[PDB]
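Backbone-built Cβ (ideal geometry, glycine too); neighbour counts: all protein chains shown. Every read-out reported here was derived from the displayed coordinates using simple, explicitly stated rules and does not represent laboratory data.
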Amino acid sequence: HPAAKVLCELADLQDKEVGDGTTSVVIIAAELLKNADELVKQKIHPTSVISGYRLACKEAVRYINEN
Amino acid sequence: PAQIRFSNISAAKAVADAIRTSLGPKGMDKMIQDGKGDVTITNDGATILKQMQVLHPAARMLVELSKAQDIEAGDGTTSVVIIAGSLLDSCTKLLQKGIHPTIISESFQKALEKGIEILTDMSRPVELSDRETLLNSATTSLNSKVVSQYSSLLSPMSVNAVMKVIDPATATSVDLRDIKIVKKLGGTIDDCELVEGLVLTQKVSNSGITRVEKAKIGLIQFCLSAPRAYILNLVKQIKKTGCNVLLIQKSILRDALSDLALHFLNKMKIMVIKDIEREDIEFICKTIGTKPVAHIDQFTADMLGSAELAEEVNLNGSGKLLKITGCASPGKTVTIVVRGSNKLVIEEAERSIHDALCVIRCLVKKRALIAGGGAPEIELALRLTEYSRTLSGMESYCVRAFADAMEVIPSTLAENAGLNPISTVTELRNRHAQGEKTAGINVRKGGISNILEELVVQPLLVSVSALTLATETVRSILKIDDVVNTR
Amino acid sequence: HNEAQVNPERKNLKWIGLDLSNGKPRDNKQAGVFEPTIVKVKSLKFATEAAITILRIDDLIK
Ligand SMILES: Nc1ncnc2c1ncn2[C@@H]1O[C@H](COP(=O)(O)OP(=O)(O)O)[C@@H](O)[C@H]1O
Ligand SMILES: Nc1ncnc2c1ncn2[C@@H]1O[C@H](COP(=O)(O)OP(=O)(O)O)[C@@H](O)[C@H]1O
């Protein structure tokens, strides 16, 4: 599947970047996709979901860097 | 008749809808697996349309709209298609209401002229050259991408190329012919430089001399061929004329310069240049002023070119280029020396440069400007509705339908921003009626407000051309009554 | 980890890992299971990017 192609490509480039984490990144991405699909089923436009995800990641890296 | 008009309307609306959601900076990207294993991944409307299969005539006309809008201004390629689809959907109601298509077409023409004049008279024009506002528009177009950090390296060079030659073409408008472009692989993006005249990027390997101030230039497309009758004559002609730089064209045979011919051409160490793209051949010819003659006999004393300097210097360390200045009529296509080791810093740099040159020429063809973000479309949807109320006759309803169909662009722009489209577009309409012209949407800041915070700004000509072409094509489609096969 | 926020004095209750041996919660900094910060941060970044890219590719009909 082309979506599977993209997901595997991102996993592979992450592996080439740092190594460990391909399975974790794939699992997390799939969970985010499932939850975002459930959200958009409730008449929330995906662009708001994408902006929210970006904000959440930006805040999560900050939280990690302080704890 | 109507049985084929309905088919054309449906086909055109379907092919417009397939790119409906790709409009805007927040445009959603597409993936159509129509082909033989094509991984379609992009959000550009023009490439989706041109890669989409075309079977109905109406789809072909809409793709032609996209291409014409692209060549004319280079922006709003999806905008014209969406507008045409909206117009066709709107006039479907008129057609089923019993209005003959000629009335609809005439009313659309009146709406076009009224919209053009309302859009330009009360717009915000630029009076002085004002390169600052051109730079600002470029930044609004050249930033927020990979080339965002390279805006201060690319836009000022293009602006300098513009100011170097204010070409008096199409009402003293700077056309596509400022100073001929060149590009070479390798180097870095910081290696960009502006040239003056003809520049050669082809590989040259001469161990002798190729640098003479009186650089006579010839074009002998007739090369060596496998049978002495027409082999060594060109060498004698070159020696008599004294040309030092003569590019070689392989339009006759692959063996352009054999070992014996090269050694005979090594006695004066003439410059050897191969693999010239055909589209640039006539540009080079008019740059030098010589004629593209493939006959050695026609080559005479009048065939000698004009040049001042010609050096095979390794520019930027390892970039071998031949700069020529002081020619007859150089300036074929705005120069941007695309140098870069990375692959993206070449293709994206060239695409951004093309967009910048289109928008700069767009603003110099006509010096008026409007604020984007759906402001012109709501302005049209209001003023044309007012006109149709003032306009008499039965074409008034057609004009009103035209104005109403012009509301799709702000609606889809806001929908791609996640806002409730209906509520925000009608709020924008109210704010525009009771307020000012510049009211638009703030797509990437989460809200709706004036343009002064936003200042997206676009030239008037993109919207003008998109509107005009969309109206002309909907006119043509409506006047269609039948299509016949079996020529 | 709820008490790591509501309670301002239980600050040093944040690295309660998963003890896979006995299957019970366990202080993990003391235990010694460790992960480079760059790995977690960049994996989160790539998970978000992949989710965003797949979620953008939606407006199709087939
Ligand atoms: N001793 C341990 N106790 C609990 N979890 C562990 C331990 N060692 C490793 N892990 C888990 O392994 C995961 C990372 O491994 P993994 O991503 O599967 O490797 P790879 O990316 O090579 O497949 C982390 O989420 C971490 O929680
Ligand atoms: N940052 C922005 N804020 C508000 N509106 C924008 C912004 N960028 C672009 N727009 C609007 O969205 C439209 C996008 O044009 P579009 O048809 O996508 O061009 P292309 O087809 O070349 O991508 C423009 O008409 C412009 O008015």
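Within region C:3-62, which residues are among the aliphatic types (A, V, I, L, M), more than 7 Å from every other protein chain (Cβ to nearest Cβ) and within 30 Å of residue B:20 (Cβ to Cβ)? Scanning region C:3-62 gives a single hit, C:61. Can you spot a residue in region A:32-41 that is of a type in the set (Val, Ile, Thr), away from ligand 2 (no atom under 16 Å from the Cβ), more than 30 Å from residue B:421 (Cβ to Cβ) and in a helix (DSSP H, G or I)? No, region A:32-41 has no match at all. For residue B:437, are the conditions met, namely being farther than 21 Å from residue B:78 by Cα, within 16 Å of ligand 2 (Cβ to nearest atom) and within 14 Å of chain A (Cβ to nearest Cβ)? Judged against the criteria, residue B:437 is not a match.
Looking only at region B:420-434, filter to residues that are away from chain A (no Cβ under 14 Å) and out of contact with any helix residue (DSSP H, G or I) (no Cβ under 8 Å at 6 or more places or on another chain); which one of those is nearest to residue B:93 (Cα to Cα)? By that ranking, first place goes to B:426. Where strands (runs of 3 or more DSSP E) fall wholly inside region B:307-403, the ranges with 3 or more residues that are more than 20 Å from residue B:456 (Cα to Cα) are B:310-315, B:319-324.
Taking region B:275-317 as the range and being in contact with a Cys (Cβ under 8 Å, 6 or more places away or on another chain) and of a type in the set (D, E, K, R) as the test, only B:291 passes. In the set B:401, B:381, B:405, B:417, only one residue is away from ligand 1 (no atom under 16 Å from the Cβ) and farther than 24 Å from residue B:92 by Cα; that residue is B:417. The criterion of at least 2 residues that are within 16 Å of ligand 1 (Cβ to nearest atom) is met, among helices (runs of 4 or more DSSP H) falling completely within chain C, by C:28-31, C:37-56. Would you mind stating whether residue B:445 is within 14 Å of chain A (Cβ to nearest Cβ) and within 16 Å of ligand 2 (Cβ to nearest atom)? Answer is yes for this residue. Give me the pairs: first residue in region B:2-30 and more than 14 Å from chain C (Cβ to nearest Cβ) and on the phi < 0 side of the Ramachandran plot, second residue within 15 Å of ligand 2 (Cβ to nearest atom) and part of a helix (DSSP H, G or I), beta-carbon distance under 8 Å, and six or more apart or on different chains, which are they? Correct list of pairs: B:12/B:62; B:12/B:84; B:12/B:85. Checked against (1) more than 11 Å from chain B (Cβ to nearest Cβ); (2) more than 13 Å from the chain's Cα centre (by Cα); (3) surrounded by 11 or more Cβ atoms within 10 Å (Cβ to Cβ), residue A:26 passes all but a single condition, namely (2).
Close Cβ contacts (under 9 Å, 6 or more residues apart or on different chains) running from residues in region A:36-63 that are within 14 Å of chain B (Cβ to nearest Cβ) to residues that are surrounded by fewer than 14 Cβ atoms within 10 Å (Cβ to Cβ) and outside any helix (DSSP H, G or I) comprise A:48/B:446; A:51/B:446. Could you tell me whether residue B:452 is within 14 Å of ligand 2 (Cβ to nearest atom), closer than 16 Å to residue B:380 by Cβ, away from chain A (no Cβ under 14 Å) and not small (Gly, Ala, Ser)? When the stated conditions are applied, residue B:452 does not pass them. With respect to being buried (at least 21 other Cβ atoms within 10 Å of the Cβ) and farther than 12 Å from residue B:200 by Cα, residue B:254 falls outside the description. Selection of region A:1-23 for residues being within 14 Å of chain B (Cβ to nearest Cβ) and touching a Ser or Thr at 6+ places or on another chain (Cβ under 7 Å) yields only A:6.
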